[PDB]
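Accompanying notes for the structure given below.
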Amino acid sequence: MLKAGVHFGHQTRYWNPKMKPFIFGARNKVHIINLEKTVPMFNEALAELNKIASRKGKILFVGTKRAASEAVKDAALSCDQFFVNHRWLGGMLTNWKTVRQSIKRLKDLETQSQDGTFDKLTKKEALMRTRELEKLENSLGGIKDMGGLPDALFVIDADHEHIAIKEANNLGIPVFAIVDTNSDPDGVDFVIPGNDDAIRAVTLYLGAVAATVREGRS
Amino acid sequence: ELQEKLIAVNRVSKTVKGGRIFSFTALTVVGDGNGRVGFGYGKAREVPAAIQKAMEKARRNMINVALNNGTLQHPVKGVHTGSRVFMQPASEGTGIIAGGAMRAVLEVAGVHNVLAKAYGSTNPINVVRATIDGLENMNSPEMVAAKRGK
Amino acid sequence: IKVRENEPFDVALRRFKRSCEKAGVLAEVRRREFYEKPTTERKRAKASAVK
RNA sequence: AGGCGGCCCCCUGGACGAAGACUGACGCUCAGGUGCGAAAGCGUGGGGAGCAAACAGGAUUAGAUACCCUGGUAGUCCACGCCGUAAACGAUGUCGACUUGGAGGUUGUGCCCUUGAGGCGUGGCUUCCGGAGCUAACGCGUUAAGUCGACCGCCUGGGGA
RNA sequence: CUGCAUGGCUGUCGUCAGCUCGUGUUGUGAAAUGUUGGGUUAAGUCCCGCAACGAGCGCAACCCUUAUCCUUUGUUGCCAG
RNA sequence: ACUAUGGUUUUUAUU
């Protein structure tokens, strides 16, 4: 009823035996998650994230797949947060002092494409500028204004974006994630039971904590 | 109270197209004379610039320990590859002893007497970073009170 | 079912696709575990039809 | 271990598991001791199709003592015997025990609310990746090169040996 | 006399597309990754993809040279009524 | 197809 619309269940050889404290029993040989404690567990973690928002601490969201990028790239434009659009550059946070060179270039292309002269020669002066912009926004198009390291990281695809944990947990940063019956949590600190499938309820959940970050008055 | 120690510095040789090229390399430690030390290695053109690249590595991370009587809280073991280091605490203000590849790492952290020994292979970078692994092996206080002593 | 014709015959009919050397016996043996591990990407069967 | 295949029959060695039965530490390893060749060879006696060292004939070539090619002995085969030979190299002496996952196959043994054209436990075998940890490095990786007890051999430059 | 005291000057591949840094990572380190891999190009030029991102030297362009037309310059040169 | 051979010694580490 959380929708969570994949919850039925399916696949007897899907779950991870490590997930027992998140399990609601078995049903037709499938181990099933608890969807009635989701908000009680989220509220328990909200108090820890809200301690960062109430100090305007730098919060990084992951929305690295296109249907979730469209739920953070402009939907959070009143929340003053930062996001990952697609790439992690193999070390975007463990080498940020060098990534800075292409952040400066991204801003150099923003200031060129917002200049009044940008209407002149819509191919012969524009194309070579907009080409590098379409690259650099796919890397840095949500982190350009972050100016340093995260205080916390929030993810809704930790089943594949493992590099997020490999960077965050090497730097000491606490990760907030959603978990499914097959999850294997170690480098993540805050975990809430649900599903990581579809887009609607995971982007609506990301939009519900985006309000917690907006209540930090930025 | 920043202090730095050079342990070793030498030249290196390398193959290139039809010949060789020479460059400089250093082994250093940096500490605060009261609780911490960091370790560095570095290669460069010009010898002072190679040493400086190693000092910047020694500032990239430091290990911070609770020294007791200018010596060790308890005995410790450190390992890196073939280089094994062991240290017994020292008594009566004496007992120093131990070569530069152990001693220099400790005389920069505030240690005055220590009965350190190295075993296996004696590559000094491995011995120094095994002494650092032995400093990751030391524990803090004298607080938990789980043993009668002593 | 490549050749299948008995008795009268004309022209070449030696060069065929599927079975004997690729798709899916002989050749490519240096790939080894590529014959098992990729499962549904390289193996259709599964039972219910032609074993 | 070396290895061993073809078809049929008789005889016949060793492995592996579950719930019980039986002795009641009867066990493990082992200097010496007793045993076992893929091949080539030799020894006593046979046998010669196929192939072929050696040697001949002809070519190629500086020459061709090699490849090509017309022949061909020993050997291969057998009743066997002797030897202990090797990359006998899948480089892992023999026993005991703890630990982390996956993809796959086989063989026991026990189960299944078997709507499966099958599924799941739990032993033995067992291929290939892969986490810890060990090694200089490859990698080993629960069938360990991790961890740690029992027994018997071996090692401490090469030329010379 | 000394190109086995030294400078200054000097072959050629080829005008080939490569040589070389900082930071991060990876390794016990020399180092490697990067600059490799896929295409397009004259080209490390661009595109594709991206544990690498950027950069200096070379590439490009500059400079230079030729055709068309307009404008400019004309004696001891030129010429349409 | 064929087409062999080339002695010993001879470089860069700055204070």
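FYI, nothing fancy with the structure tokens labels: chains A, B, ... in order, residues from 1 per chain, ligands from 1 as they appear.
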
Using only C-alpha atoms (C1' of nucleotides), find each residue of range 39-135 of chain A with at least one atom at most 7 Å away from an atom of range 19-43 of chain E; report its shortest atom-to-atom pair and that distance in Å (one decimal), sort the rows by chain and rising residue number, and return the result as JSON lines.
{"residue": "A:91", "atom": "CA", "partner": "E:24", "partner_atom": "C1'", "distance": 6.9}
{"residue": "A:94", "atom": "CA", "partner": "E:24", "partner_atom": "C1'", "distance": 6.7}
{"residue": "A:95", "atom": "CA", "partner": "E:24", "partner_atom": "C1'", "distance": 4.9}
{"residue": "A:98", "atom": "CA", "partner": "E:23", "partner_atom": "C1'", "distance": 5.7}

Handout entry: Exercise answer, chain B residues close to chain F, 8 Å and only C-alpha atoms (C1' of nucleotides), as a ChimeraX atom specification
Key = /B:11,20-23

For the residues in the current selection, export N, CA, C and O atoms as a compact mmCIF listing (two decimals), in the first residue's frame.
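Resulting contents of selection_17.txt:
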# COMPACT_ATOMS: atom_id res chain seq x y z
N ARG B 11 69.41 8.84 -5.30
CA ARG B 11 69.08 8.95 -6.72
C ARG B 11 68.54 7.65 -7.23
O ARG B 11 68.84 6.59 -6.68
N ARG B 20 69.15 6.02 -20.45
CA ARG B 20 68.66 6.18 -19.08
C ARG B 20 68.48 7.62 -18.67
O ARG B 20 69.08 8.53 -19.25
N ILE B 21 67.69 7.83 -17.63
CA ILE B 21 67.44 9.10 -17.00
C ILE B 21 67.56 8.99 -15.47
O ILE B 21 67.19 7.98 -14.87
N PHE B 22 68.06 10.04 -14.85
CA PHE B 22 68.26 10.11 -13.41
C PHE B 22 67.29 11.07 -12.74
O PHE B 22 66.93 12.10 -13.31
N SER B 23 66.88 10.75 -11.51
CA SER B 23 65.95 11.52 -10.70
C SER B 23 66.23 11.26 -9.20
O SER B 23 67.02 10.37 -8.87

Problem - chain B: residues DSSP assigns to helix (DSSP H, G or I), reported as a PyMOL selection string - result: chain B and resi 47-58+100-107+124-135

Problem - Point-to-point distance in Å for CA of residue 76 in chain A and CA of residue 53 in chain A - result: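 Going from CA of residue 53 in chain A over to CA of residue 76 in chain A, I get 14.2 Å.
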
Exercise for the section: Please identify all polymer residues within 7 Å of residue 114 in chain B, counting only C-alpha atoms (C1' of nucleotides), omitting same-chain residues fewer than 3 positions from it, and present them as a ChimeraX atom specification. Expected result: /B:71,87-90,95-96

Exercise for the section: Enumerate the residues of range 3-148 of chain B with a DSSP assignment of strand (DSSP E), computed from the backbone, and present them as an MDAnalysis selection string. Expected result: chainID B and resid 3:16 19:31 36:44 63:64 76:80 83:89 114:120
